[PDB]
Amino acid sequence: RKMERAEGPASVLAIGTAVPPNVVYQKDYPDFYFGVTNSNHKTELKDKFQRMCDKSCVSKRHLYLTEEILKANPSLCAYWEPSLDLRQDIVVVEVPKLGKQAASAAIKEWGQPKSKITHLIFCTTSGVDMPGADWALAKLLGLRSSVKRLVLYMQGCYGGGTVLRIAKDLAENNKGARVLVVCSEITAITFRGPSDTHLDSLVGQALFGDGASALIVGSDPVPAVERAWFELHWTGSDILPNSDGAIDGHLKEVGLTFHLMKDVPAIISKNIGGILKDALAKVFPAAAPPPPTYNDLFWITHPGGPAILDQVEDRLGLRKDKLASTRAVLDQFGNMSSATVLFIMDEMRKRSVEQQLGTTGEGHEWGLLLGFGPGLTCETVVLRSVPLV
């Protein structure tokens, strides 16, 4: 009553992305990384890393950190050196800055003045501060001083689902609300030299990249003025069984540490079916249309690593093209933690318009966005596409 609510489903009205300009191709990374960390003498460890990169299904990544910066800051090149203050000094500044680039692109596409942003959600796994990255981004953009802000820190790879789950309620419960949603990630918080005693940290050095994505989310788009690309219809969150300690990350004096068990793909792939069947049963209940088949949904899946995608595709019997947009982003950007699924959403709508398909979801009506991260946490969003032309 005192605050009127909206009527239609929360919708994605624009998407922007941004990446550091420095690109490192995966074929060059093993020599680049063991050279800059003064580890080339550890030949066996390096050959293990070569095999990880060869199997990563990542062709290239964008990285804030460059050879110059690393040689200037030797504490980032060792494996276990006090370096948190240095890392924070970097990402407390650069994470909002990259988010600002992505947010400016999203606002430009949206087409409305930036003062119509009423809410801001900023999600990151890269650094913490008070005031936070949300405050910094609001300052960089010049948002209204009364924007309702929320900073989601230390989220990890499920955060792209989390921000949609929250943005849905902000948009739908507040008439006129327009929510800027930013995920921004920079691996300077976690980059460190190699050690043959922590081989799971090696995996992160093969897969993690930098990037930021931004959405405008709102209900009741103004006809002929704003344009919906996807609709948020259902959300769910689950802690998978027997996953205690599957994915851990601690903010230590040596920076952000990464711990990752070899059974993560098995835990995800063996439990995701029941989760999706339950979610789809809630969205398409019997009392009535049956749920679409997996092959008739579009898929925006966090590519935690190729083994996760391969095992999910195998266990669910997905046709080999269902994860093509997901794998394209992994190939060209690596795993960008919470930002990754929004890059995939952008890739999917852009391919759909390019190829003149009938909807923003590759021609399918309904779709799924999945985030996976520490918990082991599974975030599920059931999405509807929008018809094209």
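Rigid core (definition): largest C-alpha set, two forms, superposition within 1.5 Å. Numbers for residues come from their place in the sequence shown, where the first is 1.
Exercise. Do you reckon 261 to 269 or 184 to 192 strays further from the shown form in 6 other deposited structures of this protein, measuring C-alpha RMS after a core fit?
Worked result: When 261 to 269 and 184 to 192 are compared in 6 other deposited structures of this protein, 261 to 269 lies farther out.
Exercise. Relative to the deposited sequence, how many residues with no modelled coordinates occur between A224 and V225 (none, 1 to 3, 4 to 9, 10 or more)?
Worked result: Per the deposited record, the segment joining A224 and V225 has no missing residues.
Exercise. Between 192 to 200 and 111 to 119, which has the higher average C-alpha B-factor in the PDB entry?
Worked result: For C-alpha atoms only, the mean B-factor is higher in 192 to 200.
For this session: Look up the CA B-factors in the entry and say which stretch, 227 to 235 or 275 to 283, has the higher mean.
Result: It is 275 to 283.
Exercise. Of the options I267, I186, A136, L260, which has the highest CA B factor as deposited?
Worked result: Result of the comparison over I267, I186, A136, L260: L260.
For this session: Among the candidates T162, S104, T293, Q205, give the one with the maximum CA B-factor reported in the record.
Result: In this record, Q205 carries the highest C-alpha B-factor of the candidates.
For this session: Grab the CA temperature factor for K252 from the record and place it in the lowest, middle or highest third of its chain.
Result: Ranked within chain, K252 CA B lands in the highest tercile.
For this session: Comparing against every modelled residue in the chain, figure out the third that the C-alpha B-factor of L70 lands in (lowest, middle or highest).
Result: Top third by C-alpha B-factor.
Exercise. Among the chain's modelled residues, which third holds the C-alpha B-factor of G361?
Worked result: Tercile = middle for this residue's CA B-factor.
Problem set entry | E354, C-alpha B-factor rank within chain (lowest, middle or highest third) | Middle third.
For this session: Check where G317 lands among this chain's C-alpha B-factors and tell me if it's the lowest, middle or highest third.
Result: Middle third by C-alpha B-factor.
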